[PDB]
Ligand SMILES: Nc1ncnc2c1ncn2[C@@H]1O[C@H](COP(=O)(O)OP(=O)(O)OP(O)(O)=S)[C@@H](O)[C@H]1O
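Below sits a lone chain in structure tokens, taken as the form deposited without this ligand.
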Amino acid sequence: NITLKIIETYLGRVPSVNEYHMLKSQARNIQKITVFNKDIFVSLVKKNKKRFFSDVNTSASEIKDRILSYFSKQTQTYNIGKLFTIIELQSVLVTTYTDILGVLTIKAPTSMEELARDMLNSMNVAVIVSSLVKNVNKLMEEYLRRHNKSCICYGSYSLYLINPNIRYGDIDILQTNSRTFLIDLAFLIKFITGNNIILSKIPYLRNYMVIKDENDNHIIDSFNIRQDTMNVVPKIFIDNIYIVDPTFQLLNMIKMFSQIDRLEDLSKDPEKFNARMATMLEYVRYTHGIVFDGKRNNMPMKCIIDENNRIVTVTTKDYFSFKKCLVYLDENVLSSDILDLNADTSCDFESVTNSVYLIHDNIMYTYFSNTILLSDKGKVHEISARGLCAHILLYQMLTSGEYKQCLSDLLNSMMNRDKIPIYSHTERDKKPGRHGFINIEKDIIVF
């Protein structure tokens, strides 16, 4: 009885033979959906709207209808696959919204621009969007203070909280519940801006997801990360928010300059990175007590590419317990070999490092993910050797190991350098997969 009644009420008709056989196992969730107080929900949506999208050309009735209209579309849906979608997405709203966006009701919680310019110029060594974003960013500002444990910021905004003379548009975050937050956000927007929003998952990116408007205009990105990772990610408390330690972000930047696309964007407008770089260098200088002074003293730990096997060997004995590091340029290959070594313990940090790290019979095994620049025939360009050190250093910090001497030396080695032309670069490995998505008005989910 209970099953049939529940389903009969939700669908607004006697469950058909097939509909009852399928939905029968959803009865529980379906109940929560039916019982859910829409009236309260409609209010929170309005309060959220007035506070973060006050300027959104709308008047209550419109919103109220959209919402009620949605929690009832099951009623006019006869395709079973569409039905599962509606019940899945209704469930995310019935079970999470209040805690994620609802809570947002009563809001509660330098001079080295010089040195930066130098390092940047020496690196600029080579041959050369929704209106809803202000609103979403103001919301994320409050969101980050109310969700210190599940959400944490990195990038421009983060550095902007340390030095206001930093522009910023996209507020970048890592979360333990990306899928949910974004679905809730997608819905909130959809309900306020009557016309559809689409979120999609990008392959070749680790646990990434974006919400775009009706016209493909990026609204906001996010990376899902598991508690394990969130816990070991080097963070700092600033303005009731968690920020990825600037020190760690500095290392990522070094790693990224190895990517051709980065250097290319650099030559477009060098001054961009100056302000960011400058801020991060100051933080390290002041916080860790690092001094700058042509302290190149054995920098590029020394890298050598194995052209045919797409493996770069990094001598690391003058810094770490392990003698060398084998940096693979093909993830699948690295994974296959680690499996050949019967190593079921590799340290993984998902999006943060974009690779696993393994230390076997005293050797480190890892993958890079960025292009590898070359000075000449078979020679790693200092920008990549330097980029390779940063990658390895990320691991040290994530494991609270030794990481100051070389971080200092690495940074100094970037000083008073001569632009060195790029002879060539390796191509990053192809990362296959489907571009999945969630089309709410079409009741479709494909991954």
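So that there is no doubt, residue numbering starts at 1 and follows the sequence shown.
Quick note: we don't show the form solved in complex with this ligand, though the next part is all about it.
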| Of 418-426, 57-65, 401-409, 30-38, which is the one stretch near this ligand in the entry with it bound, taking non-hydrogen atoms within 4.5 angstroms as near? | 30-38
| Contact residue in the entry with it bound, chosen from 291, 339, 129, 106 - any heavy atom within 4.5 Å of this ligand | 106
| request: State the residue from 193, 249, 135, 274 whose non-hydrogen atoms include one within 4.5 Å of this ligand in the entry with it bound. | output: 249
| query | Does residue 98 reach this ligand in the entry with it bound if we count a contact as any heavy atom within 4.5 Å? | reply | yes
| said: Taking any heavy atom pair closer than or equal to 4.5 Å as contact, tell me whether residue 262 reaches this ligand in the entry with it bound. | reply: yes
| message | I'd like to check something about residue 298: if you look in the entry with it bound, is any of its heavy atoms closer than or equal to 4.5 Å to a heavy atom of this ligand? | response | no
| Would residue 370 count as touching this ligand in the entry with it bound under a 4.5 Å heavy atom rule? | yes
| Across 163-186, which residues bring a heavy atom to within 4.5 Å of this ligand in the entry with it bound? | 167, 168, 169, 170, 172
